[PDB]
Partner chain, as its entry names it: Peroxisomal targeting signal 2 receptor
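The data below hold one chain only, encoded as structure tokens and taken in the form solved without its partner chain.
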């Protein structure tokens, strides 16, 4: 019989003589034993579909060829919503891949095991990536790659990309004279509009530690209002459409219909085959200030209820987080600037990667506070409601902030 995951208490129902389980962290109650659900002797991995999951699977076969231990890569939709649901019952994948921002929430709920890399392995990764996966003093995941949004532009349509958001409206005008658009990017996910929204740090940026104040002052401030108003105004003046998602933006750029998009390194792959001559460069400034994308560190956390933690450790440390492991993933979909020093040193020669790190260091590594999931949803609603005209910018942001 396996040991119980953190927070779990085993109990007896006096009325039926039936054992049940109660979790003091999540208040979850159930008849099935939380441990013992995840199958032992194999590795099941969840990663997002836009990532190099097929490349990750190659590392999985390499692991199986060497060890006999099967590795299974799955990419469900909304895995960031599904993992906490199942793992809170003791079920789910052994390893979950996602940006670090959601791991703090997972960690507080007792869903992620503390990882145990020794000092020698820690030296192999940049310390700032270990910081992204530290929750309440504990390392709760293996950092993989640094994800910063960059301005991606068509070199043929636009040899000299705009340095400011402000000059885009007029640029869109003279590109419409060509039957083109200046800029199209996913307006449905707050991840993509945030760099503009946070740009102006006049009201909510903390110079004490270089962090945007999302919990005290919050998104209801004049700086965020200016950013979202500029966004809405591009839409009213018809330089952007409120309905543009990832799919639409991607297609239009890779068909050369628009001069610019905003996206991460995972997107480079599809552009490469489209053979648009593209550049990856710094995001435009707004109000004299650099855009501040929330930077994600794609991380691999281990399920607290998993019986394969040492399997997971071996796989992540000695197969994935190597030069040949990351390359296998990187060739499938570009990871961005990796956490592994030795591999990143080769990638840093790539100007696209230099551009990624440049936007990263102008932006901010996301907080991993438990509230991140609520924050993202609040901002998303505000943007969507402001952009559709359903609310004004003040109202949208007032309601967003609580």
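Residue numbers count along the first chain shown, from 1.
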| query | finding |
| --- | --- |
| Residue stretch of maximal mean CA temperature factor, 375-383 vs 388-396 | 388-396 |
| Higher-scoring stretch by recorded Cα B factor average, 211-219 or 83-91 | 211-219 |
| Of the residues 119, 75, 102, 309, the one carrying the largest Cα B-factor as recorded | 119 |
| Among 60, 52, 68, 370 - the residue whose C-alpha B-factor is largest in the record | 68 |
| Record-listed C-alpha B factor of residue 341: chain third | highest |
| CA B-factor placement of residue 366, once the chain's modelled residues are sorted into thirds | lowest |
| Residue 323 - Cα temperature factor, lowest/middle/highest third of chain | middle |
| For residue 154, the third of its chain into which the C-alpha B factor falls | middle |
| CA B-factor ranking of residue 128, expressed as a third of its chain | middle |
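Beyond the structure shown, there is the form deposited with its partner chain bound, which is absent from this document and is the topic of what follows.
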item: Partner contacts in the entry with it bound for 79-103 (non-hydrogen atom within 4.5 angstroms of its partner chain); value: 81, 82, 84, 85, 86, 88, 89
item: Common rigid part between this form and the one not shown for residue 103 and residue 246; value: no
item: Pair residue 250/residue 46, Cα separation in the entry with it bound versus the displayed form, closer or farther by 3 angstroms or more; value: farther
